[PDB]
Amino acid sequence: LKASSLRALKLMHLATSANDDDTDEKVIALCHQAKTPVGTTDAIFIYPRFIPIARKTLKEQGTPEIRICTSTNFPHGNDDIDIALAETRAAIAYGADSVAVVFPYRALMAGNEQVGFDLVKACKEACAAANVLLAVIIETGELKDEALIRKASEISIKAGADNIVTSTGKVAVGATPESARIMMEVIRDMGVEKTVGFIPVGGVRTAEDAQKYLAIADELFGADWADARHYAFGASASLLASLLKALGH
């Protein structure tokens, strides 16, 4: 477990706990937390307008390698591609290393598969031209059905997603061991394990959970697959406190 909690800490994408009431001071506190006694988390997850100050802080503490992830079309997941695209172009210009666009899942739940494909594809073309990763949040907690979770995963992957994410963290249900396994099974069944990673958001509170979720990835792809590029824990500082507590900190 000590080996798992450290492995997980380095895969963490430390997310802000703010709800659009974030502040520069809170983001600076978050940047300092990403610098743990046992090493750095892979990235932080913050709102676009705080990327410049976060980048400044990360360079000031000697951790310029910590990546910055942000969100667009978030958390609503509306089906307006122009707005989602513009927000992605802004996140790119802010300096984001990765942009997590929210899939238009309500449109899928109403029977529209194309809008999600075009939306993801439009944002991927922008992130790719800027050397930025595009993650796609499909919001498993709202899709609920296994078939819809797979469909949204397949569509996102076909549209060029570099990572598929379970949840925004803003709805009733986030990641679960079931939905996480479903999405990773899609990555395997489509043979895209080399180019598509997985990120659970919302359902990983403790070190035991981090070990459980990593066990699924190891089981399905082997223990070597879950590196910084192909796996990450989108979670707040509470999980980091549990991961550190398991390591005696």
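For every residue, the number given is its place in the sequence shown, counted from 1.
Stretches 43 to 51 and 208 to 216 differ in mean CA B factor, with 208 to 216 having the higher one.
Higher average CA B factor: 218 to 226, of the stretches 218 to 226 and 23 to 31. Compared with the other modelled residues of the chain, the Cα B-factor recorded for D80 ranks in the lowest third. For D145, the recorded CA temperature factor ranks within the highest third of the chain's modelled residues. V38: CA B factor lies in the highest third for its chain, per the PDB record. Among the modelled residues of the chain, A180 sits in the lowest third by CA temperature factor in this PDB entry. Sort the modelled residues of the chain by CA B factor and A232 lands in the middle third.
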